[PDB]
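Enquirer:
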Amino acid sequence: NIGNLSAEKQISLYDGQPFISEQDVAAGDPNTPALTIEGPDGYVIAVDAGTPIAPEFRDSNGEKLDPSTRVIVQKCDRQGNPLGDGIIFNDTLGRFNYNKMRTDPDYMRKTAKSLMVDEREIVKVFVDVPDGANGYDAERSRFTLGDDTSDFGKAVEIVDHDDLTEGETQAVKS
Amino acid sequence: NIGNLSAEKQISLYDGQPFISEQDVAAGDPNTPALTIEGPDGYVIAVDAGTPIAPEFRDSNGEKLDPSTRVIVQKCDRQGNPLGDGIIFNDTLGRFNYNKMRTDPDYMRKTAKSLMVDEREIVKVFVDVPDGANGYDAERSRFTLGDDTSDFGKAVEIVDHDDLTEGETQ
Amino acid sequence: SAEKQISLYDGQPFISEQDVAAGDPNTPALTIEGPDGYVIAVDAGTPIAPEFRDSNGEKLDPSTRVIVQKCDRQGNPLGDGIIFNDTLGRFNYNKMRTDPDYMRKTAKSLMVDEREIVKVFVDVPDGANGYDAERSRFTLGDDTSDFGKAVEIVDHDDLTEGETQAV
Amino acid sequence: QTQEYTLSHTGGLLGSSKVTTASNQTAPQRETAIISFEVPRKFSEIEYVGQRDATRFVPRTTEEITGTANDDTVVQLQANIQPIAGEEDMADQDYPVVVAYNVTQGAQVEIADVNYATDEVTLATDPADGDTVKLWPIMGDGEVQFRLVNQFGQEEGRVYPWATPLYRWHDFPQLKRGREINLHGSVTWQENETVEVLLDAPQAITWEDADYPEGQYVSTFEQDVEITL
Amino acid sequence: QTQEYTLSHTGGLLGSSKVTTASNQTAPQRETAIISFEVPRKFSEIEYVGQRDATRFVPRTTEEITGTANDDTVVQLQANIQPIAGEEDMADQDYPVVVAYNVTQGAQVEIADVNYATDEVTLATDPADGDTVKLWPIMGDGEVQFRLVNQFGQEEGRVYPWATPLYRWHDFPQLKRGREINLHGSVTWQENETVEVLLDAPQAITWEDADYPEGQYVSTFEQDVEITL
Amino acid sequence: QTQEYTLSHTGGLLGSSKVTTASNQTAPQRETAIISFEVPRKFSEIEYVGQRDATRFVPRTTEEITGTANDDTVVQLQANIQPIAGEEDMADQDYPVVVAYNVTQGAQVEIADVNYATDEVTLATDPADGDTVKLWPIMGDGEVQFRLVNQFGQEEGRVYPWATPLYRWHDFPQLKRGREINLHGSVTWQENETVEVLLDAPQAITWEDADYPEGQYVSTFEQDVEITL
Amino acid sequence: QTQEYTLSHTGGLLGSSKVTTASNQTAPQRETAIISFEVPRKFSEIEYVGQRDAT
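Residue numbers (the authors' numbering), protein chains in the order written: chain E, 3 to 176; chain M, 3 to 172; chain L, 8 to 174; chain H, 4 to 232; chain C, 4 to 232; chain G, 4 to 232; chain O, 4 to 58.
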């Protein structure tokens with residue numbers, strides 16, 4: 003036997019997934035997104051007001067980039083188009099204290115507000131390296147958005163679009 | 003002139019199609035599926051309570067693997083996630099007599115029950131090669147799911163998702 | 008539904024087996040045994056694949072015999088209730104696994120409660136090769152096919168006639 | 004006034020003028036045409052109905068193989084081979100899957116054994132140095148469709164959009180009720196509304212060579228129809 | 004008659020016969036199985052409940068490193084390293100992230116310093132030419148899931164469809180109330196309805212080597228359960 | 004309390020004491036007995052019903068053939084041979100119509116070809132001068148009947164007065180529903196009311212030789228019954 | 004939400020991956036293809052209307 007479950011499911015995203023995408027980045031090119039999250043078909047996801055992030059963004063040589071580096075998470079509709087109305091987590095890089103901030107409640111950096119993502123809506127991770135620094139690599143890097151295993155932290159909430167009657171409403175929301 | 007046709011169309015699946023997938027397999031590895039069918043977008047398909055299969059599964063040397071081998075058709079939602087409630091064709095290999103069973107009614111072997119596949123769901127063919135067998139290959143093998151050319155055997159039922167009024171319900 | 012159509016064989020947990028020597032019909036080569044909360048059922052006719060070969064992968068002497076037999080608890084054979092008294096030198100394995108008419112149906116129906124044994128006694132009379140199981144197999148059903156029958160398993164939890172089937 | 008009839012790869016109801024045969028494109032695979040069916044002078048219409056009407060199609064290719072002093076007896080083919088109805092036992096295939104013919108010796112070349120899915124063959128005889136042989140294995144690994152023409156080349160479209168494969172074609176035993184072929188489609192075409200079969204495959208095709216032993220025609224297509232007189 | 008209990012990577016309630024251990028596939032990454040849990044002879048059922056029940060899993064890999072006359076003291080690893088609970092200070096990691104052992108000298112090999120995210124290490128000692136050393140860093144950059152079996156291999160499916168990563172696993176400090184792990188899922192399995200953990204990662208895993216110093220078992224998995232007797 | 008069961012030419016439900024085997028009379032053809040069926044200690048009764056119940060009977064004879072320096076490879080037999088189910092192709096007879104065994108070389112003797120209705124055979128091998136070979140062709144050209152005994156030898160009579168031939172017996176393929184045998188007759192016999200099969204033929208019969216290769220028993224008879232416990 | 008746009012033999016709204024160019028067959032004249040237009044990742048649909056639209 004297995005216990006029944008709701009459509010709502012509590013998860014934590016990261017790099018090595020199919021629907022997410024990434025790419026390397028060079029210094030002084032903030033408009034290049036190093037991560038491109040991308041709505042799966044028939045799967046809405048949701049983020050409440052505060053959820054952790056593990057912005058692990060290191061060098062080719064396995065070193066966190068310059069502390070003057072900055073990270074900007076940002077919502078995007080289709081058309082590959084950024085958007086100002088809707089944006090999360092404008093912050094620096096050399097602040098997080100990686101080794102513990104994936105763990106402790108206190109370091110743990112939550113979002114600015116909530117979010118919703120229809121069956122195809124994009125999110126991007128712009129990375130402002132100032133200039134003349136070391137380039138970015140992804141294989142020596144990670145990223146996350148949730149704390150689903152633990153008991154104090156929050157997690158990302160996924161739902162299958164078929165299991166709702168308000169899907170048209172959220173589609174109008176966009 | 004050409005005749006009108008319904009949205010329902012009668013086909014038969016096999017290896018050399020694009021949306022289907024496959025791979026090679028080693029002995030003693032059931033959970034590595036040899037065939038991975040994936041739902042196309044805006045195309046539901048359907049299978050009634052019984053439809054033939056031609057589970058051709060031969061060797062690199064073009065030889066059918068051991069009779070103790072077993073085949074398992076299995077339904078899956080997306081994420082490549084296996085699923086039990088929903089499963090077809092729990093069978094051994096050494097039972098078909100390929101060269102006749104593709105054709106005859108008595109040697110024919112239908113499914114367990116019906117099935118439906120949304121715009122994207124997965125179906126997997128797991129293959130328990132227990133022991134003492136050669137590595138499986140696919141180019142020396144084929145597969146089917148229906149008999150549409152014939153006049154007694156059943157066939158798959160494909161539909162474009164737009165033509166229906168109950169297509170959203172299914 | 009609660010009913011399910013299956014087909015048994017050697018490589019399963021609840022079933023058991025053992026090697027056998029010549030002239031020892033009381034040694035069962037296969038021992039089926041009721042799991043807990045899983046009743047099964049066999050109608051009046053169902054296939055069998057009585058593959059029973061030698062160490063050297065050869066069907067034993069045609070004068071060999073197979074006797075399927077029901078057993079209650081106590082590891083005890085039973086006379087009232089018996090299926091498939093037959094020889095060995097009869098099946099023509101390679102075809103009988105497939106054809107509808109080389110196929111072989113039981114004598115009568117059967118039920119197996121949560122703890123009831125079935126045995127497959129094998130009369131190798133004499134002057135023969137010893138039996139091995141690893142070079143041998145067995146079945147009881149063809150659920151895959153159409154013309155043929157299969158074993159009907161049910162979980163005891165989903166019933167109200169469970170007490171009647173226990174009587 | 005509706006009567007069933009049969010067509011052919013040759014003449015018949017068309018005099019070898021309202022029909023043509025043709026090879027295919029190989030280097031670029033193209034869904035080319037090999038055969039047409041023009042309505043002749045007389046008829047009011049023709050009708051095809053898959054799921055009611057039959058079909059037969061026996062395709063073979065061609066090659067050229069030399070010989071050697073220390074001749075090989077063995078060949079490989081870049082055209083996948085299968086049986087037709089059952090085993091690969093050339094005695095009982097319902098028609099052979101390979102034909103061979105020596106050119107120097109104007110005589111057949113019998114087969115000893117086949118490397119089945121390897122797509123190689125062993126022969127019975129011993130060819131000679133510089134001796135030419137022509138083979139005619141069957142054709143597999145290729146699609147087929149039907150379509151139509153509006154008296155010019157403006158296609159109406161196609162009978163049934165989905166294709167059909169030829170290894171499968173060989174596989175289903177012809178000549179057996181129920182096990183016959185009955186495709187899907189339902190059409191009609193009047194005078195000069197010609198039909199054209201189409202094929203997409205790497206390999207060639209062969210209708211004639213004038214040296215093929217068995218009856219002047221390497222391949223064939225044959226078909227049933229329901230005609231209005 | 005419900006009592007909580009604990010499982011192990013070894014024996015215990017299973018006698019090392021109703022449990023197995025196994026490595027994984029590396030060259031093709033596959034979500035393979037490393038460990039099972041067969042119900043033994045006795046029990047009526049077993050229950051797991053994420054969000055109520057705990058878990059522990061300490062995975063390590065293996066390699067082989069020679070030495071040199073002008074030995075390096077320095078190594079690189081194709082397996083990303085992180086701390087466990089806090090800093091990378093080997094004195095106070097709550098268990099080391101690396102273990103080393105010289106083979107010629109049947110003795111430990113202590114560490115001086117770690118190149119942290121570079122995934123390189125400096126050692127304390129000086130190996131010799133042709134001298135073998137075995138390492139056991141921890142395993143990161145890999146998923147994990149649970150599933151179930153219907154007495155054959157027919158999977159019911161999976162406990163909870165979404166995976167969990169192992170660098171994260173190390174990150175959360177085990178051994179602290181609230182900071183413990185409690186996954187999501189709720190299941191039950193009776194006799195011979197075995198469970199199997201699954202892992203998808205590039206790198207290998209190691210359960211035993213017979214030369215690992217610290218207690219015969221390179222890795223472990225341990226777990227809480229609620230059993231009906 | 005009626006359950007179907009099976010009998011044999013050996014032991015089984017009789018312990019090889021309530022059954023016997025026997026050869027026949029040849030020089031004067033006599034409708035002799037070869038096999039009996041005594042009710043054993045236990046049963047209340049036994050029932051046979053032709054047109055409901057089955058039967059199997061595989062009879063073979065024996066001879067002795069020497070060899071020669073310029074050995075023959077060829078033999079003739081005074082016992083007419085036929086196939087069993089179809090052709091005389093020893094590969095696919097459903098059991099051979101001939102068996103052979105050299106005595107000096109304790110080994111089989113394989114067959115090359117059969118002179119079919121001539122009742123002669125060609126062998127594959129070359130026997131030696133003074134070398135002995137034992138053959139076991141099948142038995143044809145003979146009748147069969149059933150009868151009954153009243154605890155002494157006073158026959159009740161016979162089951163069904165008309166006989167049945169053995170070439171016909173071989174001809175009908177055993178092992179096929181509908182094509183099975185179902186004779187005519189309906190009987191019952193209690194304790195010590197033994198049954199005896201009867202055979203009238205010129206040729207001998209063989210149950211055992213202790214040198215026959217295939218399973219200690221040259222021939223067999225097997226049968227279905229409906230027993231009251 | 005309908006807006007007019009323009010296409011090209013190169014890139015543009017397709018990144019030179021959802022479009023291809025190609026030569027033609029000459030020795031046998033064939034009504035071959037030279038250029039395609041695959042819908043890219045994003046759009047819901049595209050519309051062409053002769054007697055309204057240009058080329």
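Even for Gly, the Cβ is constructed at its ideal location relative to N, Cα and C.
1) Excluding the five sequence neighbours on either side, which residues of its own chain have a C-beta within less than 8 Å of the C-beta of M:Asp79, listed in chain order?
2) Can you pull the chain M residues whose beta carbon is under 8 Å from the beta carbon of L:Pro107, in chain order?
3) With 16 as the cutoff for other CB atoms within 10 Å, does E:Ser116 come out buried or exposed?
4) Looking at the unbroken alpha helix (DSSP H) that takes in E:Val174, where does it start and where does it end?
5) Grouping DSSP H, G and I as helix and E and B as strand, with all else coil, what is M:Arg142?
6) Would you identify the three-state DSSP class for E:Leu117, choosing helix, strand or coil?
7) Just to confirm my understanding: we take L:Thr146, look at its own chain, exclude 5 residues before and 5 after, and list those with CB closer than 8 Å. What are they?
8) Quick check: L:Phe59 and L:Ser143, are their CB atoms within less than 8 Å of each other?
9) Using 8 Å as the limit for Cβ to Cβ distance, is E:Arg80 near chain O?
10) By the criterion of Cβ-Cβ separation under 8 Å, what are the contact partners of L:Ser70 in chain G?
11) Please list the partners that L:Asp165 has in chain C, where partner means a Cβ-to-Cβ separation under 8 Å.
12) Using a 10 Å radius around the Cβ and a threshold of 16 neighbouring Cβ atoms, would you call H:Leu169 buried or exposed?
13) Can you give me the Cβ contacts of C:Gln226 inside the same chain, cut-off strictly under 6 Å, excluding the 5 residues immediately before and after it?
14) With 16 as the cutoff for other CB atoms within 10 Å, does G:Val77 come out buried or exposed?
15) Could you tell me the boundaries of the beta strand (DSSP E) in which M:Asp93 lies?
16) So C:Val100 and C:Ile84 are in contact, right, with Cβ under 8 Å, and what is the actual spacing, rounded?
17) If M:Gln12 sits next to M:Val161, beta carbons under 8 Å apart, how far is it from one beta carbon to the other, in whole angstroms?
18) Could you give the residue range of the alpha helix (DSSP H) that holds C:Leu169?
19) Who pairs with C:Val190 in a beta bridge, going by DSSP?
20) Given a cut-off of 8 Å, decide if C:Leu126 and C:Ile141 are closer than it, judged by their beta-carbon atoms.
21) Kindly list, in the order they appear in chain C, the residues whose Cβ is closer than 7 Å to that of M:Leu117.
22) Is G:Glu7 closer than 8 Å to L:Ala114 when the C-beta atoms are compared?
23) Check whether the stretch 69 to 79 of chain M touches the stretch 125 to 141 of chain M, taking contact to mean three or more Cβ pairs, one atom from each stretch, closer than 8 Å.
24) Is it true that the CB of O:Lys45 sits closer than 8 Å to the CB of E:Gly82?
25) Pick out whichever of E:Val27, E:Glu10, E:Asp164 has its Cα sitting closest to the Cα of E:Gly134.
26) So with CB distances below 7 Å, who are the chain M contacts of H:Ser189?
27) State the start and end residues of the unbroken alpha helix (DSSP H) segment that holds M:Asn101.
28) Is the beta carbon of H:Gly145 sitting closer than 8 Å to the one on H:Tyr51?
29) Kindly indicate which residue of G:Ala131, G:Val124, G:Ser39 has the alpha-carbon position closest to the one of G:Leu202.
30) Determine whether the Cβ of E:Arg104 lies closer than 8 Å to any Cβ atom of chain C.
31) Does any CB atom of chain G fall closer than 8 Å to the CB of L:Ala114?
32) Taking 8 Å as the threshold (C-beta atoms), are L:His163 and L:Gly155 in contact?
33) Taking 8 Å as the limit between beta carbons, can you name the residues of its chain near C:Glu159, skipping five residues before and five after?
34) What residue range is occupied by the uninterrupted beta strand (DSSP E) comprising L:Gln76?
35) Closest Cβ-Cβ distance between E:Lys11 and chain C: below 8 Å?
36) Please check if any C-beta of chain M sits within less than 8 Å of the C-beta of E:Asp43.
Expert: According to the data block:
1) Within the second sequence, the letter at position 77 stands for residue 79 of chain M. Here the set comprises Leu85, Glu123, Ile124.
2) Translated into positions along the third sequence, residue 107 of chain L becomes position 100. Correct list: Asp108.
3) What you label residue 116 of chain E is simply residue 114 of the first sequence in a count that begins at 1. Burial call: exposed.
4) Your numbering for residue 174 of chain E matches position 172 in the first sequence. Taken as a continuous stretch (DSSP letters only), the alpha helix (DSSP H) holding E:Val174 covers 169 to 175.
5) Taking the first residue of the second sequence as position 1, residue 142 of chain M is located at position 140. M:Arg142: coil per DSSP, three-state reduction.
6) If you number the first sequence from 1, residue 117 of chain E lands on position 115. E:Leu117: strand per DSSP, three-state reduction.
7) In the third sequence, counting from the first residue as 1, residue 146 of chain L sits at position 139. Cβ neighbours of L:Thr146 beyond the five flanking positions: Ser14, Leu15, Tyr16, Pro54, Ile55, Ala56.
8) Locating residue 59 of chain L in the third sequence gives position 52, counting from the first residue. Locating residue 143 of chain L in the third sequence gives position 136, counting from the first residue. Going by C-beta atoms, L:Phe59 is nearer than 8 Å to L:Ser143.
9) Position 78 of the first sequence, counted from the first residue, corresponds to residue 80 of chain E. It does; some Cβ of chain O falls within 8 Å.
10) Along the third sequence, one-based indexing puts residue 70 of chain L at 63. By Cβ distance, chain G contributes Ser11, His12, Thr13, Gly218, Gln219, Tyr220, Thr223.
11) The sequence position of residue 165 of chain L within the third sequence is 158, counting from 1. In chain order: nothing, as chain C lies at least about 14 Å away.
12) Mapped onto the fourth sequence, residue 169 of chain H falls at position 166. Looking at its Cβ environment, which holds 16 or more other Cβ atoms inside 10 Å, H:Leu169 is buried.
13) Here the question's residue 226 of chain C lines up with position 223 in the fifth sequence. Hits under 6 Å: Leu10, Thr58.
14) Translated into the one-based positions of the sixth sequence, residue 77 of chain G becomes position 74. It is exposed - the Cβ of G:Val77 has fewer than 16 other Cβ atoms within 10 Å.
15) Looking up residue 93 of chain M in the second sequence gives position 91. It spans 84 to 94 - the beta strand (DSSP E) in which M:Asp93 sits, taken as one unbroken run.
16) Taking the fifth sequence and counting its residues from 1, the one referred to as residue 100 of chain C is at position 97. Taking the fifth sequence and counting its residues from 1, the one referred to as residue 84 of chain C is at position 81. With a Cβ gap of about 6 Å, C:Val100 and C:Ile84 count as contacting.
17) As a first step, residue 12 of chain M must be located in the second sequence, where it is residue number 10. As a first step, residue 161 of chain M must be located in the second sequence, where it is residue number 159. No, M:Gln12 and M:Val161 are not in contact; Cβ-Cβ is about 11 Å, not under 8 Å.
18) As a position in the fifth sequence, residue 169 of chain C is number 166, starting the count at 1. Here the alpha helix (DSSP H) through C:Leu169 covers 169 to 174.
19) On the fifth sequence, position 187 is the one that residue 190 of chain C refers to. BP columns for C:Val190 point to E:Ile4, C:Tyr51.
20) Position 138 of the fifth sequence, counted from the start, is the residue given in the question as residue 141 of chain C. Position 123 of the fifth sequence, counted from the start, is the residue given in the question as residue 126 of chain C. Cβ distance not < 8 Å, so C:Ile141 and C:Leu126 don't count as in contact.
21) Here residue 117 of chain M corresponds to residue number 115 of the second sequence, with the count starting at 1. In chain order: nothing, as chain C lies at least about 16 Å away.
22) Taking the first residue of the third sequence as position 1, residue 114 of chain L is located at position 107. Taking the first residue of the sixth sequence as position 1, residue 7 of chain G is located at position 4. Cβ distance < 8 Å, so L:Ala114 and G:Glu7 count as in contact.
23) yes
24) In the first sequence, residue 82 of chain E corresponds to position 80, counting from 1. In the seventh sequence, residue 45 of chain O corresponds to position 42, counting from 1. The answer is yes: Cβ separation under 8 Å.
25) For the purposes of this step, residue 134 of chain E is taken as residue 132 along the first sequence, with counting starting at 1. Ranking the options by Cα distance to E:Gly134, first place goes to E:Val27.
26) By 1-based counting over the fourth sequence, the position of residue 189 of chain H is 186. Within chain M, the residues near H:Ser189 are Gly5.
27) Position 99 of the second sequence holds residue 101 of chain M. Residues 100 to 103.
28) Here residue 145 of chain H refers to the residue found at position 142 when the fourth sequence is read from its first residue. Here residue 51 of chain H refers to the residue found at position 48 when the fourth sequence is read from its first residue. Contact: no.
29) On the sixth sequence, position 199 is the one that residue 202 of chain G refers to. Checking every option, the nearest Cα to that of G:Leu202 belongs to G:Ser39.
30) Here residue 104 of chain E refers to the residue found at position 102 of the first sequence. Taking Cβ atoms only, chain C reaches closer than 8 Å to E:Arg104, which makes this a yes.
31) Position 107 of the third sequence holds residue 114 of chain L. Taking Cβ atoms only, chain G reaches closer than 8 Å to L:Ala114, which makes this a yes.
32) Walking along the third sequence from the start, residue 155 of chain L turns up at place 148. Walking along the third sequence from the start, residue 163 of chain L turns up at place 156. In this structure, L:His163 does not lie closer than 8 Å to L:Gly155 by Cβ.
33) Position 156 of the fifth sequence, counted from the first residue, corresponds to residue 159 of chain C. Here the set comprises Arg150, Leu151, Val152, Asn153.
34) Numbered from its first residue, the third sequence carries residue 76 of chain L at position 69. From DSSP, the beta strand (DSSP E) with L:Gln76 extends over 72 to 79.
35) Reading the first sequence from its first residue, position 9 is the one you call residue 11 of chain E. Chain C contact via Cβ: present.
36) The residue given as residue 43 of chain E occupies position 41 in the first sequence. Chain M contact via Cβ: present.
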